[PDB]
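Participant: Whatever this is, show me its structure:
(chains A, B, C, D, E, F and G)
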Amino acid sequence: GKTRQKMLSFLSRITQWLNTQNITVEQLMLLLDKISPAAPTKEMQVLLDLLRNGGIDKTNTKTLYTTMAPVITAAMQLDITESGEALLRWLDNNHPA
Amino acid sequence: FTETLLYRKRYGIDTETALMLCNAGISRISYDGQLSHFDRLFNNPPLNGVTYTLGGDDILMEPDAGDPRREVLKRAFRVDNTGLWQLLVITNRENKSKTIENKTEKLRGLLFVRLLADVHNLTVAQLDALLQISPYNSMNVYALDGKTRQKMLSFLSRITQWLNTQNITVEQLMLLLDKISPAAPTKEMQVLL
Amino acid sequence: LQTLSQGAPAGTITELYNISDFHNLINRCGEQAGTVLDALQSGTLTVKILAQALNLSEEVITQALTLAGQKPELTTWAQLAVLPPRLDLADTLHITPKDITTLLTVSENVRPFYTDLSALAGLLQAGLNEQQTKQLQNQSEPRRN
Amino acid sequence: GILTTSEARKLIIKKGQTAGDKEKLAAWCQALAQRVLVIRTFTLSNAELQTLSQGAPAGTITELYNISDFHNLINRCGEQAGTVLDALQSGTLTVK
Amino acid sequence: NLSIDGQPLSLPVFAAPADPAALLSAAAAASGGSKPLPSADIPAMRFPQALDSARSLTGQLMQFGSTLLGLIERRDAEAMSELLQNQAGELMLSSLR
Amino acid sequence: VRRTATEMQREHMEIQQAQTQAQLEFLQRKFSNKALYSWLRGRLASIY
Amino acid sequence: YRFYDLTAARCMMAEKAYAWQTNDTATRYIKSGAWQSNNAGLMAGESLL
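Facilitator: Residues are numbered from 1 along each chain as shown, chains lettered A, B, ... in the order given. The coordinates are given below.
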């Protein structure tokens, strides 16, 4: 009876939260899904080529982000190159193993 | 019988129209205390008061010819002057005769062919254009057995509902399916060249 | 404009008429008027492409040409300004233009033969609506009584 | 009887284009226009077009049907049709 | 289960109609590979002059690129402006109807 | 009659929906779409 | 498209004249990826320059 009510509370909480945040279960599963890698894509080959050529992204930190972020943002269609600079920092600071 | 019930389900038609679609002849006899099919077809009211009999030996289908019977056929089949010749062509694209007999089987074939267009919301021009892209080019309605008839009807219904789904009309389909048969190039073509 | 440039007489009403008739036929051609006017600028305007452009049959246009006949050689724009009147007539009477010559020869004759008159009557009546032929009969039966 | 693109190039680049072998080129461009029409009546995207480019038979109704069915499935894929058509262009389109 | 007048005493079969489907079309990224560099050769001119000759052509290439982007976006503007008019026409048809 | 006019209003609204879909399709298929300018912006930002 | 062909060849000529005027052939500056077919080759001039 204890874990049953805890599970029901969990389900109600997450479902009302999904209804508040206006995101559906499929988008939540996209946010929560693991990677399980595969072959890279053609757009991926494009991104790799644009990073491989061009200016060699500098080894010193706080410049790696600023030199990789414009094209990373172009590939992610983010708003700002500075948001791209910060997204790499975020994924650097905490990421799946 | 089951084909009749089916062609009455789809197309939502009368039992008599479904029967005519099921390769049934024109009935001269007055059915159910009403006007016979032959009479409500040709002699309702008789054109110029001339009761269209099945005299025989005298009907001409090429437009540039004069015959008071062709006019009753035009009124009955709801086809115009070129439409009547086109009905004749659809009836048998292997038979290139210009005239027809005044029997009842020939009028049955013409009525069936006109119903093929009437039941699928097609014109006779559109039915003729649509039977060429079909496997039923060389078709003979007077040798049209029950199997190929139902196959042709299924083909027509399938392609017509598909054209209605894809929102393309028979003219665009004929443009997509038409052969080249080349000619002189154009002025825009000279520009491209 | 480029078609009419090579000698379209303009300056009296008898000719502004034909200009308007040609213009009408071209607007009917519509999205395919470029091809019609090109093949007319060259010498290869054929009834096949004209019919395919107008979305009518060859067996209506070769008949509309026969009235004031220039059937096989469609060479000048003046031949195209003949179409719209004949086409509008054969549309307002549900008959083919080959069936319009009969209307003209009989309706202008003074002592028409009864056979000719009956052949014209049936012609005009075949193209009628169903309720239309019923109304025609409702009008004719009292008269013959 | 319609020219491969190689033959079309070898025929456009000619010393004097004869009376013949010019209507052949007109027929080639008419086939081009007919194919553009097939593309425009189905409104198939650039990626669908590129998938069908490697041998999608078109020219009879039995095949325009399958073109429309493929187009339907791709429109169902929707915002993720790029990935479907890419993994189909390679050899790794999996049911997952 | 009718009344004395033949009117039904039961409630009719109601059927909730179907919600009209949300339209969804295919959207795919454009794919394309880069172009390999041409074969190299020592020119007739020294470097400070070969560099200037190439810099002039690169300036002209930039001008072509600017004009080409202008023409592309301008053609796409005309195509949209014509699409809107075709739609307005086939919409005034229903309005008159 | 008013109902057959409201059904026509409904088909009019449906044709408007199809046309909004056609405009979205055009904006997404057209060459100079958001993706193009995003790529060019990122690429030129790196160069700059 | 057929002008970028001349421009890349000029940049390569300039790189060769650089390698011959300064004996540093291991290094290379005119690199590929200046033309991207995703963008119909737009902003090739920027990369080359």
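Participant: Which residues of chain D lie near chain E?
Facilitator: Within chain D, the residues that sit near chain E (C-beta under 8 Å from any C-beta of the partner chain) are D:45-48, D:50, D:74-79, D:81-82, D:85-86. All C-beta atoms are positioned from the backbone trio N, CA, C, and that covers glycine.
Participant: Among these, the buried ones, what's the ChimeraX command?
Facilitator: Here is the ChimeraX command that picks out the buried ones among the residues of chain D next to chain E, judged by 16 or more other C-beta atoms under 10 Å in any protein chain shown:
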select /D:45,46,47,48,74,75,77,81,82,85,86
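Participant: Just the residues of chain D next to chain E: which are in helices?
Facilitator: D:46, D:47, D:48, D:50, D:74, D:75, D:76, D:77, D:81, D:82, D:85, D:86 (DSSP state H).
Participant: after the helix ranked longest in chain B comes which helix or strand?
Facilitator: For chain B, the longest helix by residue count, based on DSSP H, is helix B:146-165. The first helix or strand that comes after helix B:146-165 along the chain, using DSSP states H and E, is helix B:170-177.
Participant: could you check the angle helix B:146-165 makes with that following helix?
Facilitator: Angle, helix B:170-177 to helix B:146-165, by axes from the mean of the first three to the mean of the last three C-alpha atoms, to 10 degrees: 100 degrees.
Participant: ok, back up a step: so the longest helix of chain B, near chain D or not?
Facilitator: Yes - counting by C-beta under 8 Å from any C-beta, chain D has neighbours in helix B:146-165: B:159, B:162.
Participant: Would you mind trimming the residues of chain D next to chain E to those in range of chain B?
Facilitator: Of those, not one also sits near chain B (C-beta under 8 Å from any C-beta).
Participant: The longest helix of chain B: how far from the chain's middle?
Facilitator: Computed by C-alpha atoms, centre = their mean, to the nearest Å, the chain-centroid distance of helix B:146-165 equals 14 Å.
Participant: just stretch G:33-41 next, same as before
Facilitator: The chain centroid and the centroid of stretch G:33-41 are separated by 13 Å under C-alpha atoms, centre = their mean.
Participant: measure the spatially most distant residue from the centre of chain G to residue G:31 for me?
Facilitator: Distance from the centre of chain G peaks at residue G:23, with 19.4 Å (C-alpha atoms, centre = their mean). Here residue G:23 is placed at a distance of 20 Å from residue G:31 (C-beta to C-beta, to the nearest Å).
Participant: I'd like the distance between the closest residue to residue C:56 other than its chain neighbours and chain F.
Facilitator: Residue nearest to residue C:56 in three dimensions, not counting chain neighbours: residue C:87, with 7.7 Å by C-beta to C-beta, 6 or more residues apart in numbering or on different chains. To chain F, residue C:87 is 31 Å away according to C-beta to the nearest C-beta, to the nearest Å.
Participant: Could you pull up the contacting residues of residue C:87?
Facilitator: Residue C:87 makes contact with C:56, C:60, C:64, C:97, according to C-beta atoms under 8 Å, 6 or more residues apart in numbering or on different chains.
Participant: isn't there a strand covering the first one?
Facilitator: What it means is residue C:56. No - when DSSP: H, G, I helix; E, B strand; the rest coil is applied, residue C:56 is found to be coil, with no strand at that position.
Participant: burial of it, as a residue count?
Facilitator: Using other C-beta atoms under 10 Å in any protein chain shown, residue C:56 has 19 neighbouring residues.
Participant: Tell me which residues touch residue E:78, please.
Facilitator: Per C-beta under 8 Å, 6+ apart, neighbours of residue E:78: none.
Participant: Quick check: residues of chain A near chain E?
Facilitator: Residues of chain A lying near chain E by C-beta under 8 Å from any C-beta: A:42, A:43, A:45, A:46, A:49.
Participant: Please, a ChimeraX command that selects the buried ones among those residues?
Facilitator: In ChimeraX, a selection of the buried entries from the residues of chain A next to chain E looks like this (16+ other C-beta under 10 Å):
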select /A:42,43,46
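Participant: Quick check, central residue of chain C?
Facilitator: The centroid of chain C falls nearest to residue C:86 when counting by C-alpha atoms, centre = their mean (2.2 Å).
Participant: you'd agree that one is in a helix?
Facilitator: Yes - assessed by three-state DSSP, residue C:86 belongs to a helix.
Participant: if I look at it, how far off is residue C:56?
Facilitator: According to C-beta to C-beta, residue C:86 and residue C:56 sit 12 Å apart.
Participant: interface residues of chain D facing chain C?
Facilitator: By C-beta under 8 Å from any C-beta, no part of chain D sits against chain C.
Participant: Write out the residues of chain D neighbouring chain A.
Facilitator: Selection of chain D residues close to chain A by C-beta under 8 Å from any C-beta yields D:82, D:83, D:86, D:89, D:90, D:92.
Participant: Surely the third one and residue E:30 touch.
Facilitator: Looking back up the chat, that one is residue D:86. No - the criterion here is C-beta atoms under 8 Å, and residue D:86 misses it with residue E:30 at 11.7 Å.
Participant: Tell me which residues of the longest helix of chain B come out buried.
Facilitator: B:149, B:150, B:152, B:153, B:155, B:156, B:159, B:160, B:163.
Participant: So what's the residue count around the residue of chain E at minimum distance from chain B?
Facilitator: Residue of chain E nearest chain B, by C-beta to the nearest C-beta: residue E:90 (12.1 Å). With neighbours defined by other C-beta under 10 Å, the count for residue E:90 comes to 11.
Participant: Give the helix, strand or coil label for it.
Facilitator: Residue E:90 - assigned by three-state DSSP - is helix.
Participant: pretty sure it contacts residue F:12?
Facilitator: No - at 10.5 Å, residue E:90 does not count as touching residue F:12 under the criterion of C-beta under 8 Å.
Participant: Need the overlap of contacts for the two.
Facilitator: Joint contacts of residue E:90 and residue F:12 (C-beta under 8 Å, 6+ apart) do not exist.
Participant: The residue of chain D found nearest chain G: what's it in contact with?
Facilitator: When scored by C-beta to the nearest C-beta, chain D has residue D:46 as its residue closest to chain G, at 11.6 Å. By C-beta under 8 Å, 6+ apart, the residues touching residue D:46 are E:28, E:30, F:29.
Participant: Could you show which parts of chain C are in contact with chain F?
Facilitator: Counting by C-beta under 8 Å from any C-beta, no residue of chain C sits close to chain F.
Participant: how about the helices in chain C?
Facilitator: Under DSSP H, chain C gives helices at C:13-29, C:33-41, C:47-54, C:58-66, C:83-92, C:97-108, C:114-126, C:130-144.
Participant: what would those look like in a markdown table with distance to residue B:11?
Facilitator: Listed next are the helices of chain C as a markdown table, based on distance: least, C-beta to C-beta, whole Å:
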| stretch | distance to residue B:11 |
| --- | --- |
| helix C:13-29 | 34 |
| helix C:33-41 | 38 |
| helix C:47-54 | 31 |
| helix C:58-66 | 29 |
| helix C:83-92 | 29 |
| helix C:97-108 | 32 |
| helix C:114-126 | 26 |
| helix C:130-144 | 19 |
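Participant: closest to residue B:172 out of those?
Facilitator: Between residue B:172 and the helices of chain C, the shortest gap by C-beta to C-beta is with helix C:47-54, which sits at 13.1 Å.
Participant: Contact partners for the closest residue to residue B:136 other than its chain neighbours?
Facilitator: Spatially, and ignoring its direct neighbours in sequence, residue B:136 is nearest to residue B:152 (5.0 Å; C-beta to C-beta, 6+ apart). Counting by C-beta under 8 Å, 6+ apart, residue B:152 makes contact with B:134, B:136, B:139, B:144.
Participant: can you tell me which of the residues you listed lies nearest to residue B:29?
Facilitator: Checking the contacts of residue B:152 one by one against residue B:29 (C-beta to C-beta), the nearest turns out to be residue B:144, at 24.3 Å.
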